[PDB]
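Since the structure comes first, as structure tokens, the remarks are kept for the end.
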Amino acid sequence: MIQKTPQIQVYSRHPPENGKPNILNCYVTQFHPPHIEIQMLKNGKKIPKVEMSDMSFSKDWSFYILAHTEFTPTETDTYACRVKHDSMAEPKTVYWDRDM
Amino acid sequence: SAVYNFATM
Amino acid sequence: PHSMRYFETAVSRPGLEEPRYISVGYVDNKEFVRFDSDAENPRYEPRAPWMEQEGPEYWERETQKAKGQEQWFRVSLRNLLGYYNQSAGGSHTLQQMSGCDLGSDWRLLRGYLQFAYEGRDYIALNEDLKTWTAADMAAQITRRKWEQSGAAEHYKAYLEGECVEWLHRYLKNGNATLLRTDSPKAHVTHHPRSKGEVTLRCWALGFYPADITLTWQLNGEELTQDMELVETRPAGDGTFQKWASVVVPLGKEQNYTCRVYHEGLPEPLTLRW
């Protein structure tokens with residue numbers, strides 16, 4: 001009675017280059033209340049120092065935000081974004097897909 | 001320039 | 001078709017901490033100012049290079065206004081808990097959108113002053129800048145309250161005055177920046193996502209502003225009968241990205257064309273796998 005289901009989009013800023021550095025982004029959107037917990041996983045393992053952008057909200061009142069951190073793709077090194085919001089009965093975890 | 005609200009709600 | 005807007009937010013969580021107040025200002029959908037009570041030194045801050053033309057006295061004056069809005073919000077937030085007979089135990093959000101629209105002739109076209117509680121419309125100043133529209137029983141209390149104190153004339157004064165005056169100023173110092181663009185650098189990817197079927201993805205990267213349009217079309221009418229199109233998204237560096245793909249029968253991939261529409265681009269872009 002104070003919320004709306006968050007939308008997640010995980011992706012690198014620069015086209016993914018094995019070994020080559022890169023910034024992983026987790027764009028969370030369409031949520032409300034503006035209380036949200038976002039984590040970036042590296043093989044299920046929480047990634048420290050994960051930058052949170054400044055929050056903002058659309059004319060439909062929902063809020064959006066950009067969580068992000070430096071990473072590096074690599075054939076089998078799996079990444080992800082995990083979100084918990086008082087609008088979903090359980091945290092949503094979406095995995096990165098270099099082709100998206 | 002930012003708005004300055006009047007009577008509270 | 002310029003415009004100015006202040007998106008303010010107040011949120012309360014259980015604890016000894018006063019609610020968090022956030023105000024983001026916009027000139028033509030571009031963030032130019034911002035205040036966050038959660039900062040070490042709460043003060044409105046430049047978010048566009050053209051705003052550094054303003055002096056110290058401007059930033060103080062605005063920071064003081066923020067300070068007062070913060071109290072107005074934390075106070076209002078409490079009145080609403082009352083109106084709604086809510087339990088002081090969870091969290092609550094109070095939002096406001098304020099500003100004004102201008103025509104390219106610098107002429108005011110409309111004023112805006114509306115509020116939301118828990119993400120749902122609450123009370124709004126009608127376009128006549130005189131009457132109110134209240135969403136529910138609680139809002140009826142605020143409506144009555146703002147009618148007797150003559151609140152509208154006040155916001156009305158901001159909307160037809162300050163809002164219009166200062167928006168002219170920014171547009172004047174910031175037209176230089178505002179009119180800038182960053183052309184999208186498109187390209188197409190090939191993904192074996194099937195057998196006897198493949199997925200082509202058109203990409204638009206590093207573009208700005210966020211406005212942009214991507215299309216697919218196997219020469220002839222366009223394709224929306226199997227085209228996926230993600231929401232435009234920020235790169236993190238100030239520009240944005242976006243893509244759209246379509247399933248195609250393996251071996252015809254090269255026969256589909258992608259068109260990218262952006263205004264930083266001298267003309268529409270056409271691309272093939």
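Bear in mind that the values in this text are calculations on the coordinates, not laboratory data. Cβ placement follows ideal geometry from the backbone for every residue including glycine, while neighbour counts extend to all protein chains displayed.
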Orientation-averaged projected area, Cα convex hull of chain A (nm²): 6.5 nm²
Environment charge of A:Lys45, counting only residues whose C-beta is closer than 14 Å and scoring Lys/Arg +1, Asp/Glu -1: +3
Other protein chain Cβ atoms within 10 Å, averaged over every residue that makes up C:228-239: 4
Local electrostatic count at C:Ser37 - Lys and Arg +1, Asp and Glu -1, tallied over other residues with Cβ under 15 Å: -3
Sequence-separation-based contact order of chain A, relative, with Cα cut under 8 Å and 6+ spacing, percent: 34 percent
Candidates A:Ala67, A:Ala80, A:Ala89, ranked by Gaussian network fluctuation over chain A, Cα under 10 Å, top entry: A:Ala89
Number of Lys pairs (Cα under 28 Å; 8 or more positions apart or on different chains) in chain C: 23
Size of charge dipole - chain A - debye, nearest 20, with Cβ of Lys, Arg +1 and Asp, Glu -1, no other charges: 140 debye
Neighbourhood charge, 10 Å Cβ-Cβ cut-off, centred on C:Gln53 and excluding it, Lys, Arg +1 and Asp, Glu -1: 0
Cα Rg, Dmax (largest Cα-Cα span) when computed across the protein assembly as shown, Å: 23.2, 73
Highest to lowest packing among C:242-250, A:24-32, scored as the average C-beta count within 10 Å: A:24-32, C:242-250
Candidates C:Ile22, C:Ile123, C:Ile212: whichever shows maximal mean-square fluctuation once chain C is modelled as a Gaussian network with Cα springs under 10 Å: C:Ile212
Packing-based ranking, highest mean first, of C:260-273, C:142-155 given that Cβ atoms within 10 Å are counted: C:142-155, C:260-273
Residues of type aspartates and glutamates that A:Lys46 reaches as a straight line, Cα spacing below 15 Å, ignoring anything fewer than 8 places off in the same chain: A:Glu37, A:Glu70, A:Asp77
10 Å Cβ shell holding at most 13 others, DSSP loop, GluC sites (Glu not before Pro): longest site-free stretch of chain A: A:18-74
Charge dipole (chain C, unit charges on Cβ, about Cα centre) - positive-most of C:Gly236, C:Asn173, C:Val248: C:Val248
Low-density loop cleavage sites - GluC sites (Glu not before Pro) in segment C:4-47, where at most 12 other Cβ are within 10 Å (DSSP): C:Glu17, C:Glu40
When chain C is reduced to its Cα atoms, the Kirkwood hydrodynamic radius in Å: 22.0 Å
